[PDB]
Amino acid sequence: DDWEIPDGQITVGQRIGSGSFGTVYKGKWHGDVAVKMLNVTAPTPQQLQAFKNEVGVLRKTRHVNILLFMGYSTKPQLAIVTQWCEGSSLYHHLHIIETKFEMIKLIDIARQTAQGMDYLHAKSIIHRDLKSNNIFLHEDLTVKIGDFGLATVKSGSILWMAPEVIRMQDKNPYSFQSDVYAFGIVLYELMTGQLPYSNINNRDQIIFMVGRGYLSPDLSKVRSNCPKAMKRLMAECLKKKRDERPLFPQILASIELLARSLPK
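Here the sequence shown stands for residues 448 to 601, 614 to 723, numbered as in full-length UniProt numbering.
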């Protein structure tokens, strides 16, 4: 009980990243940890909610494929301490340093990610921001899903937004199915090694057309050595029509049955 780190025990160092929901630092609390803070001297009303919420969602997670939550702090300043990922984002590997994993290390990263996402959904959580940027490859052999800022229990990163979400249909577009779509865009970059719509350089247009249904991820460019069972699954997770995407349990089983009869 109480994951409120006793006061004045955390110590932040280098500055990793940031955004609009706080800036991330690399601190130290019983070893290396990633500390997410809110420096604005006085926590505004709405912000104190971004906090209480996230922390509230994180503490419900205890799974090997979810970034381990260790504790939160308030006194010095609002902070969320999580383990320190010793590696890099699936993004960074694929699109910045262009790492070349075998088709086994890929079908695995897929398996693991879906393993954790299946977990979050059972606990009835919706991520709402799964990207190849929030998936870190810990120790270069462990998938850690992270960034639960927008997670719920029922951001110019539009490349992973299901169409029903971009089109901001009504007021509750998000759903397990929306997450299954973002999982779809990741299998995509795992299999193609590239981001979608790389040939279009206008956000408004991509956003528009993708929600309108005119534009869609080119499937004809998945590796030669990509199992047919997989390419077929990828397209199912990308279905333009929300209610036809499989849920994770199914996705998990597939990625697994298509994992045995590989071969070598």
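Note that CB positions come from ideal geometry on N, CA and C, so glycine has one too.
{"Asked": "If you run the structure through DSSP and keep just helix, strand and coil, what is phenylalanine 583?", "Found": "strand"}
{"Asked": "Alpha carbons only, please: which of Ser634, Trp450 and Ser579 is nearest the one belonging to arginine 506?", "Found": "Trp450"}
{"Asked": "What's the call for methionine 564, buried or exposed, on a 16-neighbour Cβ count within 10 Å?", "Found": "buried"}
{"Asked": "Considering Cα atoms alone, identify which of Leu721, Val502 and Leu697 is closest to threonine 529.", "Found": "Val502"}
{"Asked": "Quick one, which of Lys499, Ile452, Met484 and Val600 has its alpha-carbon nearest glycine 464's?", "Found": "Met484"}
{"Asked": "Just tell me which of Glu549, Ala621 and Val471 has its CA closest to the CA of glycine 460.", "Found": "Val471"}
{"Asked": "For the stretch 630–643 against the stretch 690–699, are there 3 or more C-beta pairs whose distance is under 8 angstroms?", "Found": "yes"}
{"Asked": "Taking Cβ to Cβ, would you say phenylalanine 498 is nearer than 9 angstroms to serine 536?", "Found": "no"}
{"Asked": "Contact between the stretch 663–681 and the stretch 620–637: three or more CB pairs below 8 angstroms?", "Found": "yes"}
{"Asked": "How should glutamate 533 be labelled, buried or exposed, when 16 other C-beta atoms within 10 angstroms of its C-beta is the threshold for buried?", "Found": "exposed"}
{"Asked": "With C-beta atoms as the reference, is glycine 518 less than 9 angstroms away from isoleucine 572?", "Found": "no"}
{"Asked": "Using 9 angstroms as the threshold, is the C-beta distance between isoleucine 457 and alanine 557 below it?", "Found": "no"}
{"Asked": "Would you mind sorting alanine 569 into buried or exposed? The rule is 16 or more other CB atoms within 10 Å of its CB.", "Found": "exposed"}
{"Asked": "The alpha helix (DSSP H) that contains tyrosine 640, what's its start and end?", "Found": "635–651"}
{"Asked": "Using only CA atoms, which one of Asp555, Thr599, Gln559 and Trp476 lies nearest to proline 686?", "Found": "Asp555"}
{"Asked": "Between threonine 491 and the rest of its own chain, which residues show a CB-CB distance below 7 angstroms, the 5 nearest in sequence each way excluded?", "Found": "none"}
{"Asked": "Taking the C-alpha atoms as reference points, what is the distance between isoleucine 659 and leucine 553?", "Found": "26 angstroms"}
{"Asked": "Suppose contacts are defined by Cβ-Cβ distances below 9 angstroms. Is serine 614 in contact with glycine 466 by that definition?", "Found": "yes"}
{"Asked": "Do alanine 489 and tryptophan 531 come within 9 angstroms of each other at the CB atom, strictly closer than that value?", "Found": "no"}
{"Asked": "Going by DSSP, what residues sit across from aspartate 479 in a beta bridge?", "Found": "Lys475"}
{"Asked": "Going by the CB atoms, is the gap between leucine 541 and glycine 652 shorter than 9 angstroms?", "Found": "yes"}
{"Asked": "Give the DSSP-derived three-state secondary structure of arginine 462 in the structure shown.", "Found": "strand"}
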